[PDB]
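The chain below stands alone and is given in structure tokens; this is the form deposited in one PDB entry.
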């Protein structure tokens, strides 16, 4: 079975491009990472940095998570990210997304041993 760590990688990691994200990026990426299979996932962020760099965030700035948990960590550096947000006219199974590239600090929740990202919380 897929570990929480592997699920984070599937849902939130895209090291292959620096930013590129054509206007079509989210439409394609959300489908293939199986984020559209059962419903259209409303909001989802992909991070364009190395896995080691995103894993390192788990030892960076400890911040409160949105749900009140204490295991969130904010990256010291900005990172290349793409936000995918479902459009108003998007109709499952034809999931449609607006693609927005940005350079922001990421906030992830980390768990386990090894202590690794398991949830994408926010960007700031």
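By rigid core we mean the largest C-alpha set that fits within 1.5 Å across both forms. Residue numbers count along the first chain shown, from 1.
Undergrad: Could you tell me which of the two stretches, 30 to 38 or 54 to 62, has its Cα atoms lying farther from the shown structure in 6 other deposited structures of this protein after fitting on the rigid core?
TA: Comparing 30 to 38 with 54 to 62, the larger C-alpha deviation in 6 other deposited structures of this protein belongs to 30 to 38.
Undergrad: For the stretches 69 to 77 and 39 to 47, which has the higher mean C-alpha B-factor as given in the deposited record?
TA: Mean CA B-factor is higher for 39 to 47.
Undergrad: Using the B-factors recorded in the PDB entry, average over the C-alpha atoms of 84 to 92 and of 59 to 67, then report which stretch comes out higher.
TA: The entry gives the higher C-alpha B-factor average to 84 to 92.
Undergrad: Would you mind checking which of 20, 116, 13, 107 has the top Cα temperature factor in the PDB entry?
TA: In the PDB entry, the greatest C-alpha B-factor among 20, 116, 13, 107 is found at 20.
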